[PDB]
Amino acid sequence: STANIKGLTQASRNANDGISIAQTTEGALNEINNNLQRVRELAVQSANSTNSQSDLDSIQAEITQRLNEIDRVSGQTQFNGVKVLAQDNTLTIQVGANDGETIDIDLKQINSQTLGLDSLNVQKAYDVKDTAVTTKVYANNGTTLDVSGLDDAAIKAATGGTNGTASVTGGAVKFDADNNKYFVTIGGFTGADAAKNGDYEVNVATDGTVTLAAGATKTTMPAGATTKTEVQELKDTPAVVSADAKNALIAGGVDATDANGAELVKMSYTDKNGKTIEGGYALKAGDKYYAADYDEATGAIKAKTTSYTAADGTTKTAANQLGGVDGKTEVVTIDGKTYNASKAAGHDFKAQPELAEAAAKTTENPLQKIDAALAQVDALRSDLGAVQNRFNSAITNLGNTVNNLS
């Protein structure tokens, strides 16, 4: 009789834990349901051709936030340490005084993947274009600097000296990039004209022709000066892609030949109506675009890459390609599968072989899919409510049995 009384009484405390498990799980499933209803409403809103890709991009961002919130609740909700929505798990609770007098609680893994929505996407592809990044650098042209005319008579005519035989020292000319100027050193004057020996600015015709202007007077050769033998002229030069940028791409799985011929570009994205907006910078290798940072002031280029632990256990990196459904999403390709860069970061494919792949296209019949998920959640909520009634009825029956024994 004592065994029974103490056993039934403890069995009743056990039943209360079943009820707690059930309420903790229901609470969380209620929150998941709220997030799913918002997702459904957002899908209805996206099914409107008046929406621009910018609009859809905004709706998608919010859908992704809701889905992530669902994965948060699913992964962290707990009762005495049990992650009730994290795995399929049949919990058995003894509700009688003897072995086997139990009620099972069938917990199920409920997350965006098991609900069939981790690839849910309402975006549309942008028309992707690019513009080569250049710089302005002074170069030449076969137009040599002709200073043969600036002879003794010409130098005398411009400076007013008469003593000695003056000449362009070394027949050399110096160039200042800062102001597209030219300079020469004059020597040879003697007597009181010796003071005219020094440096003078000269004018270069849109031809070799170098000349000294009347009234000319020696100045100070501008620092930064440098000898040029042909006419200087500014022409666009493709931004230089560094070895470490190329090597970062290769380390990141980009083909060696393609990476070696990488080109810095500025992205552009045009929508279905024809409107175009500028994107960020990227390294175009082969026919693919890999996101990159670019310091206009320095020319320093930094290839964006994602680090992670491969299935073989080692640490590797993947180049962040511009792709995904919209065409401007940072994705990575690892061992036969494509993932969103942000999701693969820090991931351990050895410890967790499974990671959701990036959406490859716009979702077809999204509402049918969101509705299926809502039905899965309602089905689990119903079952939990019924098992809650079974625990409650057990508590009632245990209470009476104990009453009569005592």
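Numbering starts at 1 and runs along the sequence shown.
Please compare 287 to 295 with 80 to 88 and name the stretch with the higher mean C-alpha B-factor in the deposited structure.
It is 287 to 295 that shows the higher mean C-alpha B-factor.
Average Cα temperature factor in the PDB entry - higher stretch of 181 to 189, 222 to 230:
Result of the comparison: 222 to 230.
Determine which member of 148, 321, 94, 309 has the highest CA B-factor, using the values in the deposited entry.
Among 148, 321, 94, 309, the highest C-alpha B-factor in the entry belongs to 148.
Out of 69, 348, 26, 354, which shows the largest CA B-factor listed in the entry?
Largest recorded C-alpha B-factor: 354.
Among the modelled residues of its chain, does the C-alpha B-factor of residue 257 lie in the lowest, middle or highest third?
Middle third of the chain for residue 257's C-alpha B-factor.
For the chain shown, is the CA B-factor of residue 106 in the lowest, middle or highest third of its modelled residues?
Its C-alpha B-factor belongs to the middle third of this chain's values.
Third of the chain's Cα B-factor distribution that residue 130 belongs to, per the entry
Residue 130: CA B-factor falls in the lowest third of its chain.
Select lowest, middle or highest to describe the third in which the CA B-factor of residue 207 falls within its chain in this entry.
According to the entry, residue 207 has a C-alpha B-factor in the chain's highest third.
Of the three thirds of its chain by CA temperature factor, lowest, middle or highest, which one includes residue 99?
Ranked within chain, residue 99 CA B lands in the lowest tercile.
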